[PDB]
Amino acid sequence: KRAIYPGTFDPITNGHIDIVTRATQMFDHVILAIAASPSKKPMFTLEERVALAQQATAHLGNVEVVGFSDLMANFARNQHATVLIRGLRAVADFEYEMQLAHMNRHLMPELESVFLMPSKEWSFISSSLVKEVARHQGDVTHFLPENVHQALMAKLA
């Protein structure tokens, strides 16, 4: 059973690590898929985001990190994935996630979009929030893998 965990992962946080770890305990193979997302004007290039996530998930045997600029439904079909995973955080996320799930169902009916719930520890964080704290030199070591913390600082310094 192949699951895809998609997102912008700009950068990947401990909240994303928690969801992908839960996904590997549930499915045989997990693809952590990083969308190019040029409309979101990401801080890190797609190549940087893939390298950060590869380094951050290296300890997990059944995670494959890949980047994509394709339609999500086409990339899932092309990865032979039948499960799409998203972490369920806040109401704004949940409602937007419902819209994407219904759109993906229209494009690929056999692709099941499911939600996992993060640990209470990571329930109030996001890449956007971690970047905002880091832009003001605030300590974000607790929220990110070591390699990501170094990269965020290098990008801002």
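Note that the rigid core is defined as the largest set of C-alphas that superpose within 1.5 Å between two forms. One-based numbering along the sequence shown.
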With everything overlaid on the rigid core, name the stretch, 113-121 or 88-96, whose CA atoms wander farther on average in 9 other deposited structures of this protein. 88-96
So if we fit everything on the core, which stretch drifts more in 9 other deposited structures of this protein, 30-38 or 65-73, C-alphas only? 30-38
Which of the two stretches, 85-93 or 109-117, shows the higher mean Cα temperature factor in the record? 85-93
Using only C-alpha atoms and the B-factors in the entry, which stretch averages higher, 144-152 or 14-22? 144-152
Listed options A58, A101, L129, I34: highest C-alpha B factor recorded at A58
So where's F68 on the chain's Cα temperature factor ranking, which third? lowest
Check where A157 lands among this chain's C-alpha B-factors and tell me if it's the lowest, middle or highest third. highest
